[PDB]
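Notes for the structure review
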There are 2 protein chains.
Amino acid sequence: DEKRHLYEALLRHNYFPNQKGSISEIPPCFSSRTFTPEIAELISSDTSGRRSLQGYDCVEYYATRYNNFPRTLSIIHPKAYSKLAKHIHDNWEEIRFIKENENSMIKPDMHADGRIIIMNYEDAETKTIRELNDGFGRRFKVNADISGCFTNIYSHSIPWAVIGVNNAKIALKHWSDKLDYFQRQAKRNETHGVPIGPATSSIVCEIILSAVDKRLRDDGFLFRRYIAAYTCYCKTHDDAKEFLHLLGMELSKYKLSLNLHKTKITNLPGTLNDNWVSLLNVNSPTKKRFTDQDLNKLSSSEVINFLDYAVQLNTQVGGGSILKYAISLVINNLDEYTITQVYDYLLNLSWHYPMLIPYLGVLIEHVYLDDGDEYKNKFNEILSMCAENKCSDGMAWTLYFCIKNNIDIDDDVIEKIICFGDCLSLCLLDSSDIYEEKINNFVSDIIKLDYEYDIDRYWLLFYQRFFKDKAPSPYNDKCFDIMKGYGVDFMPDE
Amino acid sequence: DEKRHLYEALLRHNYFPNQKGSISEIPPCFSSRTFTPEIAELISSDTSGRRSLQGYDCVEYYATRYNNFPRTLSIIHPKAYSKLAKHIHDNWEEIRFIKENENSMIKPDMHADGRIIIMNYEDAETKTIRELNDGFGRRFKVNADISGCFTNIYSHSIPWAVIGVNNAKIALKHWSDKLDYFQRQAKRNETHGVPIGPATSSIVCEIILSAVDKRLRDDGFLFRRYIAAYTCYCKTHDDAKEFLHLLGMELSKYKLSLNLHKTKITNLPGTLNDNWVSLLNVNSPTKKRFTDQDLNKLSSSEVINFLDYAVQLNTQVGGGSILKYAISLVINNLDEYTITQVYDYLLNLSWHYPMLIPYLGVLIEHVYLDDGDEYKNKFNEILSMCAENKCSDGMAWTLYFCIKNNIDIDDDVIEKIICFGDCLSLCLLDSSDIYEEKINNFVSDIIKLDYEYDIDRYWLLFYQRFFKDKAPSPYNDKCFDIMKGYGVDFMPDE
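Figured I'd write up the structure that's included with this text. (Residues numbered from 1 in each chain as written, not as in the entry; some residues may be left out. Chains lettered and ligands numbered in written order. Part of a larger assembly, values for the part shown. Heavy atoms only, no water.)

1. Remarks on the sheet that holds strand β3 (residues 140-146) of chain B
Residue and element names in this part refer to chain B. Within the open sheet, the four strands sit side by side as β4-β5-β3-β6. Their pairing is antiparallel. Each end of this open sheet is capped by a strand with a single partner; those strands are β4 (222-226) and β6 (258-267). The mean inter-strand angle of the sheet, taken between neighbouring strand axes irrespective of direction, is 15°. In this structure, β3 lies alongside strand β5 (residues 229-234), joined through six bridges in antiparallel fashion. Within β5, the position partnered with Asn143 by the bridge is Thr231. Across the face of the sheet, helix α10 (residues 237-253) comes into contact with β3, β4, β5 and β6 while running at roughly 160° to β6. (Pairing = 2+ DSSP bridges. Helix = DSSP H or I, 4+ residues; strand = E, 2+ residues; numbered from the N terminus. Axes fitted to C-alpha atoms, helices over the stretch in contact; angles between N-to-C directions. Contact = heavy atoms within 4.5 Å.)

Below is the structure:
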């Protein structure tokens, strides 16, 4: 069924931040499968325990963007998440109108892997044909962005999108009001904001933005939405300015607004992709597939020169993720002579740009890591940099490389891994079991605070220790106990 | 006393958004004096009525910045504001540590006019001497900004700043907890955000940011804060990067963050002001005062050419409010021959840039407005533009000009003044009394909603109608009644 596929997707696949489909933002050690929908029903049914704080906090995760900026992905506390996912499942026949929207490019969809939200998933041919087809006969292309979107979505506006603003205000139960309550329970009983990364917040965002899409559609606008980005194709500048006005009205009705540093009108014909994308692909040494693998295999100077050219292009343009695109272009066709050189270049690029650390997972088997302890000092210097810059995805990926490849990790860099206080980093140090006593000091400092929001901020670490019998639950409810009795592990093996 | 001066300042002077000291963001028709502290005590003492919604909403006001961007100033609902101001007054001996901070340039201070928060108030000589004195011997100048500041200040972090994060978490009454509650009551019982414009939110921001200033001070950094902007003077780039790191830590401890599109390191010697400021002042035709007024009086071509040069400079740089600075340079020395020409140039500039509309209040007596109904169509075309662009300060200033100069206003532009739904615009239309019946339809649509937050969004309009006996109170509490019985008028005459 599609209800069952959504129920699997909300918990087994898209609970953790898993929207990016090329490389994940979270290392593959953390997996949210075995958190089955029946365990979510049992958690929702459980009513024990008393909480002194309204709502639940989230395990935080600062992922690095192309400009090294942090984006705070969140792992919802699972007692607050099981109710939210179960509510979205039970109400799916009244929610699936977001699937029938045609202006939302990334939306819930029955993906084969098990997910429902995968950004940048559709193939290049259809994307090109759509871009030309919608750019047919038009003069201007308007790009608009919602300012926060994740930051300031109003949860009380979830019924406003569903049955209208004034009908919902008069009505103040309906399914969308309980959805608003359950979404609020996900993040500290707070009206504004949604945790970034779970598909439940993507569904909540799609529900609110589908009314905006409906009103923009009914006024005859050619437009597409990519999460919070609206692209409009306009025969004249009348359409260009009036779409911006109507989008501003429709967002302001649901308390949202437009990012005016991201608004720009560009005369068609522009570029189907961004300009740096075609600059890289035109100069890519892999741009032609030769149908024989020896020809497809690249040389040392070819890959290195393309990587230098990508570095200059990112310094000179910087409009997008130039390094990640360029590295994905050359990463899978490396010859054995290249692997050490491109590996060290990736070490250089991963230090300077910590979002490039996941690509280091491709080469680690082919590179002989023992060497003369060069890579040993490299990964620790990266770990120190990720501790310094407060970057969670680079820290977690580097620690996944350190435990998976058994490379030792220094004490002084751990002094800042423990002091940074990223939860997912501390779960990796927790799964190592060598640093049991520095982990114990941190969790004891959390418990001695007697602040439930900090325990909810480190619920993944606390649950991993409780499931590994190294600690008891810090909660008086049965949620951790129902998780552990059924075998829920958020750091599972194969 | 200073307690009494603060008590006057919170309500009589800095209740309404009144922080800018050159030209106000709100027209002078709206004045918050006669809202005396004794009326605030009587409102706080009153306990009658029942509210179905937690907290109170605010009268909203989208003011236009230099890039035409809106900033949502708020007028707090006065039942939620009287308690907040009275709480800040009673606790002033425990709050006045923000006055003793030396890195906060704009902070509570006993100003002569009656205010405590006036940005851009200190004289140019001291500012120059400070800028050179702090730029003594240093290589780099770091500029950093808090990302939202007003948008995402965490109210629960008000005790965290006051007695420490962990002490406040263990303590979960103390004065800062009730301050957090009263600040939450100002905006819809919401944890995040502060209403922009009242001095109570400036005090709340100063309380939280003073701990950041204390920690940055104790680590030996030369830095200054302008609301949410940190400028640091650094002997090397070590200081430059480490100040950014420490400021990021101290803000993240109190849940804030750094605006990374506003972070930049510039090698000293840079510019004391911004570069466009010296470009305008070097080319300003008023840059030398001649001690005789006939020499100080400017000609037609001089002012017009400087205004064109300012328009090109703003198109070519755009880094700051070039038009407002240039117009303030020439506005007060106009000769009688200039006044019509500079008036029409200001009409052109006010249409294109609606934040320049307040300068039209200087020239309106010297310009013969009857004419051939040219200015009549001008102010209505501006009113239509302000309705279209959803700009509240331009709308309110243009309406203040229309009622004060008795110039007629068209029906079709009022069709969008009523449809925009800015509260302060509708209070001007309300004070006119010609459009009593279109106002009545709007307030009846608000009341028929039975949503208390919309009534709180238009509390100023509702109170003005109730005080003018044109409508009854829409509240079951006595707050409006205690206001009206003592004569509180938010649109007072002289």
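2. Topic: the pairing of β4 of chain B
For a regular strand, the rule is simple: side chains alternate between the two faces of the sheet. All names here are of chain B. Pairing of β4 with β5, which is carried by five bridges, proceeds in the antiparallel orientation. Its bridge partner lying in β5, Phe223 is registered against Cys232. Taking the residues that link successive antiparallel strands as the turn, the β4-β5 hairpin has two residues, and the phi of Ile227 there is positive, at about 55°.

3. Brief notes about the sheet that holds strand β3 (residues 140-146) of chain A
Residue and element names in this part refer to chain A. Ordered in space as β4-β5-β3-β6, the four strands form an open sheet in which the pairing is antiparallel. Each edge of the open sheet carries a strand with a single partner, namely β4 (222-226) and β6 (258-267). On average, adjacent strands in this sheet sit at an angle of 15° to one another, irrespective of strand direction. Running at roughly 145° to β4, helix α5 (residues 124-134) makes contact with β3, β4 and β5 (229-234) of the sheet.

4. Considerations on the interface of chain B and chain A
In this assembly, 28 residues from chain B lie in contact with 28 residues from chain A. Carbon and sulfur atoms make up 60% of the area that chain B and chain A hide from each other, which totals about 2,300 Å². The largest contributions to the chain B side of the interface with chain A come from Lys169, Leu449 and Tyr451 of chain B, which together make up 23% of the buried area. Linking chain B with chain A are zero salt bridges, by the criterion used here. For the side of chain B that touches chain A, the secondary structure elements donating two or more residues are α7 (165-171), α10, β6, α21 (436-449) and α22 (452-457) of chain B. Taken together, the residues that form the side of chain B that touches chain A break down as eleven nonpolar, six polar and eleven charged. (Buried area = accessible area lost by both parts, 1.4 Å probe. Salt bridge = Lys/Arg side-chain N within 4 Å of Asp/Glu carboxyl O. Nonpolar A, V, L, I, M, F, W, Y, C, P; charged D, E, K, R; others polar.)

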